Amino acid sequence: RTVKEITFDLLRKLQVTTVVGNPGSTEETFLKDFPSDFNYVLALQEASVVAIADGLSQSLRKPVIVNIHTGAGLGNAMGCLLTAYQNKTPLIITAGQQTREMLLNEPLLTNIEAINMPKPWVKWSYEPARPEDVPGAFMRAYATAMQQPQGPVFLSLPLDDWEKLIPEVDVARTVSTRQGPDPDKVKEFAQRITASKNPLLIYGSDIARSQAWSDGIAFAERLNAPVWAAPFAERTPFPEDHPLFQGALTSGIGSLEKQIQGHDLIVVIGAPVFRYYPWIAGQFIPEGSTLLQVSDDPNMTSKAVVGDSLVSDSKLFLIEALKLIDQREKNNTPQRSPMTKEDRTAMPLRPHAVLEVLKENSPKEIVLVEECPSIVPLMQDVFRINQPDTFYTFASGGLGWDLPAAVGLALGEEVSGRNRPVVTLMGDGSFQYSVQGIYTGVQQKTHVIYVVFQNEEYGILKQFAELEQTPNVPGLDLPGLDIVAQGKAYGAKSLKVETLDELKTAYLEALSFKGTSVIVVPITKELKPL
Amino acid sequence: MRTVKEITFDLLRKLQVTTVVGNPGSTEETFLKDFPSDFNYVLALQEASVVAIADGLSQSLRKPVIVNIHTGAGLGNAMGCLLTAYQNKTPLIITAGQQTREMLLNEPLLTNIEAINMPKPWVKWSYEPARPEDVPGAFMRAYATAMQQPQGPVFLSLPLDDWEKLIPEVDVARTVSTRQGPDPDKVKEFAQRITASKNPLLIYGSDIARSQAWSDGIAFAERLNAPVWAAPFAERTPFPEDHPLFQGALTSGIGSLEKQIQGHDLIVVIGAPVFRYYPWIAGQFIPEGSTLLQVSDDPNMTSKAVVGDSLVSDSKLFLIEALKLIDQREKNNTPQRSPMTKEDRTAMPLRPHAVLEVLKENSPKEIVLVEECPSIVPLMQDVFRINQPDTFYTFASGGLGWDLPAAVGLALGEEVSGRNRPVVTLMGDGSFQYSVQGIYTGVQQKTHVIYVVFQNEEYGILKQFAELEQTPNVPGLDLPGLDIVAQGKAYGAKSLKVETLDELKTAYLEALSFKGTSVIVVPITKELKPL
Amino acid sequence: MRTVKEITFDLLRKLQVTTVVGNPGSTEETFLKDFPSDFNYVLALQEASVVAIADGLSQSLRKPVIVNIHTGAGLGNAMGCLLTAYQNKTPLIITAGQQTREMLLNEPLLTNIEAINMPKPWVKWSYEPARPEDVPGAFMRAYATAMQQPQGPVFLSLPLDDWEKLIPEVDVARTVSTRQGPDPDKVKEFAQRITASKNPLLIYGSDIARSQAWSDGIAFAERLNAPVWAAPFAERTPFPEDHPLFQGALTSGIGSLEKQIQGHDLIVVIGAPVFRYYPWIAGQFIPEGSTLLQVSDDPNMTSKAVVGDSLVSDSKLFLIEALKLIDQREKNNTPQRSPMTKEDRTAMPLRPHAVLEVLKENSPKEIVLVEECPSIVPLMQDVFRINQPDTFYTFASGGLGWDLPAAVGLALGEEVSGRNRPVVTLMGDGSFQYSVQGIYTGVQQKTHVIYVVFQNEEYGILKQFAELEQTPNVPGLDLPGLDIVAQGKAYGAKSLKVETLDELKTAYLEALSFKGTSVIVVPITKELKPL
Ligand SMILES: Cc1ncc(C[n+]2csc(CCOP(=O)(O)OP(=O)(O)O)c2C)c(N)n1
Ligand SMILES: Cc1ncc(C[n+]2csc(CCOP(=O)(O)OP(=O)(O)O)c2C)c(N)n1
Ligand SMILES: Cc1ncc(C[n+]2csc(CCOP(=O)(O)OP(=O)(O)O)c2C)c(N)n1
Ligand SMILES: [Mg+2]
Ligand SMILES: [Mg+2]
Ligand SMILES: [Mg+2]
């Protein structure tokens with residue numbers, strides 16, 4: 001049979017039957033007579049292609065294939081590829097390559113030294129040494145991506161390989177997708193925890209990926225210790241209305257340290273130590289304290305700022321550790337403050353008020369995605385996430401990921417059949433990076449609701465300039481954008497609301513409309529402290 | 001505040017990494033200034049030997065050893081042995097001096113240009129610290145990266161001017177795990193497959209040696225009463241070779257290995273690649289109708305296996321968990337391997353099997369055995385049936401020039417542990433040349449290492465390959481005119497050539513009684529057995 | 001159709017690249033099968049020597065030489081000498097066998113994993129052909145890439161199964177330029193600066209040697225009547241060293257070089273980096289008030305210069321064009337360098353300047369001189385004043401282990417050209433060890449090479465550095481217990497130790513009369529002059 005026929009059969013066996021792509025000449029032999037039992041999802045630009053695939057893969061917990069056009073396409077996708085790598089998403093990135101007949105002399109659209117282009121943001125990058133190896137290379141790509149710590153891989157595929165007649169090969173294999181902790185280390189860590197007087201827990205997003213939500217609750221309740229979310233936790237690791245939950249840690253060395261004072265043992269599960277952002281002088285952890293870290297990614301433990309670490313799937317660790325820790329009595333761990341109420345009469349509208357209007361009109365069953373940097377602490381006050389697989393944002397800080405990722409997550413809602421609407425809180429600046437993603441939402445009829453907070457500026461960059469005392473930075477203002485027209489351009493239901501009652505009406509309408517909507521909300525240019 | 005150097009050496013003390021194997025240069029002198037008396041510096045004359053000595057020592061001690069070499073020039077000379085350290089999974093911390101930051105931008109003589117890219121793809125991590133302040137922390141990250149499973153070498157490029165800088169005293173010391181266990185769901189799945197199988201066959205690889213799973217591998221095999229084979233090119237003995245269940249070492253062609261494992265429905269590979277093939281011999285990966293399970297501690301190995309269902313795990317952790325889920329089987333007439341054959345000792349020129357027999361029958365119970373004499377491997381496997389852990393060592397990579405210096409490192413390890421076994425090293429005459437300078441370190445350190453050189457005046461195994469693969473008239477396969485006795489003398493070793501098996505016995509016993517480095521040259525037949 | 005092998009060898013004939021220096025392995029046997037009689041295969045015992053021999057030969061012939069080594073293991077052993085070939089700008093075609101495409105995907109033993117990345121950053125191009133059909137074309141692209149200015153090595157990874165494939169007969173042979181000239185606008189600008197200067201000073205580097213610009217450099221200097229200095233660490237003589245205008249070799253510190261060139265308003269550097277510094281010596285790049293012009297054939301060199309206005313050009317092409325635009329100047333009392341000093345020959349232990357004088361006064365008019373004895377360089381520069389092109393050679397990189405085997409390659413070149421000059425090689429005892437195996441190739445090929453080993457039982461220049469840079473108590477600087485005579489004997493060379501200057505004279509004259517490889521060991525004082 002042909003390389004193509006055999007390869008698609010392998011993909012059926014692996015149950016990887018979705019291809020998100022933006023086509024080109026070098027991909028046509030792969031896509032020829034695309035089979036009806038596979039799904040091809042078009043996006044208009046490659047950053048959106050990857051991010052859509054990422055959102056879908058996160059939802060389904062299995063690989064999705066990306067198919068993009070040689071070097072030019074891979075290049076457009078590199079920002080979102082970095083983000084997929086940091087999200088630990090097992091994407092199989094494929095790009096067509098010029099025909100082996102001409103490759104040596106590098107004609108137009110040759111992906112020159114292809115394997116080196118996506119470095120350092122893939123687990124493996126490869127261009128098969130012959131057509132006969134293509135199916136085997138897909139199996140190796142799957143195997144590589146799916147073993148812990150999961151992540152994206154890249155295959156460069158010469159266009160002439162697909163039509164080659166080869167004898168059937170049986171390359172299908174299976175692999176493990178988790179590894180457990182060294183039992184000596186679990187005992188060591190448990191001894192430390194048992195001996196501590198006032199432990200504090202910091203949970204990160206490995207807990208979300210590994211489906212350890214309930215195990216994380218059991219562990220925290222066993223200790224009756226305060227729980228914080230690690231700084232810049234991309235996915236909710238702990239129920240945010242639980243009495244033990246304190247909030248999300250700030251992201252400066254000194255600021256985080258101040259937040260965790262008063263505890264002798266700092267126990268970090270499923271997170272880097274630590275995902276800092278601004279520079280704030282200080283000590284990593286309080287004087288007199290010590291720290292333990294669990295991550296499923298040897299890279300994270302290898303570069304931690306402090307502590308004793310072990311490498312483990314978060315769920316397997318939490319299960320093992322639970323067996324060794326005895327129940328502790330209530331210890332008046334504080335309860336976080338109730339949500340505040342913003343002035344809804346202020347004009348221009350204040351973002352906390354906007355968030356409150358969305359929240360009070362939301363069904364329990366939504367997916368919430370966020371890429372609106374300046375309002376994050378306000379969102380954290382208002383949307384207290386209390387279910388798993390509900391909140392998603394990037395692990396990387398790379399703008400242009402969330403808009404298309406929301407479409408991918410919505411596609412996942414249809415595959416699972418759960419069909420929650422995906423409510424996506426977007427900054428006006430962030431909205432621009434991968435604005436083309438809206439088209440895929442409309443064409444695929446995904447239920448996605450974009451709420452755009454229009455302050456006509458890159459707000460968080462002004463918050464930074466304030467904190468770090470860097471005045472007169474250019475390019476921070478965004479006058480003259482018509483975001484409603486942006487929604488209209490790609491066929492979304494799109495409107496601007498000028499009052500909170502209009503917002504409630506537009507939002508309820510969007511919740512009732514099985515399709516993609518854009519709701520633009522003008523807000524104050526004023527900014528809270530970073 | 002203290003100097004970068006003082007803080008770094010204090011970290012190394014805390015980490016218990018206090019041996020540096022090196023070949024010095026100008027860019028390393030600021031690192032080596034006032035080298036402290038509680039550390040050991042081991043000089044070797046060329047950088048391939050530097051890395052291999054460190055590799056051998058690190059394998060012996062099961063902790064990192066520091067390599068200190070001279071910028072890009074030194075790193076370059078070391079790259080073959082670094083590839084081998086990577087495939088051995090040895091947690092070496094490779095350091096090379098770099099030109100001073102005062103000049104780096106304009107790349108004066110002996111700048112290691114794009115230093116982080118030079119050792120790729122053969123390190124787990126490569127780095128040049130962004131400031132002197134980061135040097136101690138970079139050593140900690142280097143240690144952490146190297147010591148987490150799957151273990152392996154890392155590289156730091158260190159500008160010479162950093163060492164004398166006064167920097168804030170920051171505590172960078174951390175600890176890490178060095179093992180990861182299996183997914184319990186996968187252990188259950190694998191145990192179910194094993195329990196249901198009619199006639200399972202076990203293939204053990206060297207993860208078992210590194211992870212100290214020797215006894216657990218025996219327990220597992222005895223629980224199943226299944227035949228055990230060593231994986232092809234297993235660098236370190238994974239199973240006692242005189243155990244009734246042990247069948248031998250698998251050959252390294254696809255079709256040849258397949259034929260050896262026929263008659264078994266389930267193939268269970270623990271601690272090995274699937275598979276470390278070498279010659280091209282067409283066939284099927286496993287017998288028609290069979291299926292395969294694989295356990296490796298290295299996700300790279302499982303990701304590229306030719307066949308099977310795999311999981312990633314430390315070998316010891318897997319064997320312990322799996323034992324819990326499998327029931328004892330009755331003896332099932334698993335065959336016993338043939339006794340060692342007896343070569344014709346009357347034949348001249350001397351035959352290597354007889355040479356090996358003479359060494360074996362005169363060896364003490366406790367030796368370390370190292371081998372890099374490719375054409376005699378099957379003969380060695382017949383004669384030296386290794387029945388203790390941490391006894392046999394060779395390269396994982398096939399890169400000649402590793403074993404001669406690695407033997408010195410293993411010997412240094414015997415002195416550190418205090419066990420003090422002699423290291424007997426079986427060397428081909430061609431192989432001996434690649435890193436011949438390593439002998440000097442053996443002599444200078446007074447390591448008890450005995451090199452037995454099998455002199456057939458040829459690259460024998462390449463002629464074996466030329467036959468199997470039908471490539472006549474290949475040049476450069478003959479090695480006339482080498483005086484290997486003189487090579488030993490050149491570096492100060494006890495050195496002599498023996499012409500009879502009685503002379504060999506006398507020389508070998510003498511070398512065993514001499515606490516130092518010896519070379520015994522044995523002329524053998526140029527005739528070669530089949531691959 | 002014909003086999004990939006037949007077509008490739010036919011291309012190599014057309015390109016006139018018919019020498020292969022190699023160390024064979026299984027993955028190269030299909031390439032070397034039925035090696036043709038009109039090509040020459042030169043065996044060396046270790047891959048650092050393989051590359052350096054090829055480098056020396058390629059420098060002699062001014063065309064590529066093929067290196068054939070064994071997958072990642074062989075390439076690894078060669079990386080230090082490959083770095084050096086790159087900095088020498090030698091157009092070597094480095095080839096390594098790769099595992100068969102039948103198994104490559106699953107990476108069996110001796111796979112060169114990510115082969116194209118291993119030799120980075122030390123090749124102009126690295127490639128593994130996408131199919132057997134592309135192999136001949138890949139050799140053509142390899143040749144083209146290597147031979148275009150700035151010349152340098154390239155790497156091909158060649159799967160063993162490609163060679164026997166029948167492929168369409170396609171004509172892939174092409175030709176390329178090997179030189180590029182200067183922007184005429186920049187020549188005019190530079191000429192104007194030179195003409196306007198009051199007291200210009202010339203610094204010449206080794207591009208002049210490679211580009212055969214010897215006479216053009218003399219014409220240019222005589223036109224200006226300006227003092228000429230050799231750039232620091234000039235690997236090959238750029239100007240006749242007994243010419244009245246020649247001042248000497250510049251020192252290699254920023255502040256020391258600056259002091260040497262004081263008193264001149266315009267510094268004109270032709271065919272050199274600006275500058276190849278080594279020790280850190282603080283100061284200004286050029287004297288206050290002066291300005292600098294630079295010509296190099298390598299855009300990398302001009303891109304990273306510490307100072308000046310530069311242009312990229314072949315040295316010969318620039319010198320020819322510039323000569324046209326500059327007027328003759330009158331003699332301006334440019335000083336004449338001091339005559340060679342005369343060392344005390346009565347002193348014992350023997351002093352290296354006296355040893356050098358004895359070699360010089362007994363040397364024939366036509367020799368090739370190679371040097372890798374770091375501590376004696378200034379003494380050599382005083383004694384051996386090179387006054388002919390293509391006579392003196394050393395490394396551009398400072399990587400020890402290059403010169404010993406490179407001497408063999410230079411000797412092979414003397415036989416190819418037919419000129420047959422003896423190659424006299426001045427070696428330190430430490431330096432001698434790195435690639436000692438190279439001697440074997442000299443002996444086996446019967447090259448006329450005379451190694452004079454300066455034995456001070458130490459890494460002398462590292463002690464000089466420890467003094468200048470105040471790093472006491474550095475370990476590994478002493479080299480007791482080496483029998484270098486035995487090293488020569490080991491590889492079949494004429495070998496002896498001399499204890500007096502009269503014995504040295506006798507041994508040296510004998511080696512000059514013996515068409516083969518000799519080693520002469522000369523014990524010298526351990527005392528060391530200042531850097
Ligand atoms: C691809 C990419 N480009 C630039 C940035 C830098 N960046 C971080 S926040 C930010 C401004 C976001 O502005 P907006 O989306 O309008 O949200 P706001 O802060 O105003 O609420 C920018 C440009 C980035 N993180 N990623
Ligand atoms: C660094 C390196 N260069 C070349 C090879 C290829 N090679 C494999 S076996 C071999 C010959 C070994 O000869 P010898 O040590 O004399 O052993 P014999 O086969 O004669 O017993 C060679 C050159 C290699 N494996 N590694
Ligand atoms: C491959 C390599 N390793 C180490 C060095 C560092 N190095 C420079 S000079 C030198 C000593 C040379 O000693 P020797 O050849 O005996 O000459 P001497 O200085 O005693 O005259 C060393 C080890 C180097 N330049 N290249
Ligand atoms: Mg904004
Ligand atoms: Mg041999
Ligand atoms: Mg010396």
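Throughout, protein chains are lettered first and strands after them, A, B, ... in sequence-line order, and every chain is numbered starting at 1.
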Quick check on A:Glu5: does its CD atom have over 12 non-hydrogen neighbours (other residues, nucleotides or ligands) under 6.0 Å away?
yes
Output yes when a side-chain donor or acceptor of C:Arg131 lies under 3.5 Å from a complementary backbone atom of A:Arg130, and no otherwise.
no
* Do C:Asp134 and A:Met102 have side-chain heavy atoms sitting under 4.5 Å apart? -> no
Do C:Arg101 and A:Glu132 pass the salt bridge (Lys or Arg N to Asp or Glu O under 4.0 Å) test, and can you show the C-alpha distance, the side-chain angles, and the key distance before you say yes or no? CA-CA 9 Å; C:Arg101 294 186 200 260; A:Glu132 287 82 359; over 6 Å; no
When the 4.5 angstrom heavy-atom criterion is applied to C:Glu107 and chain A, the contacting part is side chain
Rounded to the nearest 0.5 angstrom, the CZ-CG distance for A:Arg140 and C:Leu105 is 6.0 Å
Whether over 12 other heavy atoms sit under 6.0 Å from C:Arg2 CZ:
no
Under a 4.5 Å heavy-atom criterion, the part of residues 142-178 of chain A in contact with chain C comprises none
Exercise for the section: Decide yes or no for C:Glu128 and A:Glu127: does some side-chain heavy atom of the first lie under 4.5 Å from some side-chain heavy atom of the second? Expected result: no
Could you check if a side-chain atom of C:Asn117 sits within less than 4.5 angstrom of a side-chain atom of A:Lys119, using non-hydrogen atoms only? yes
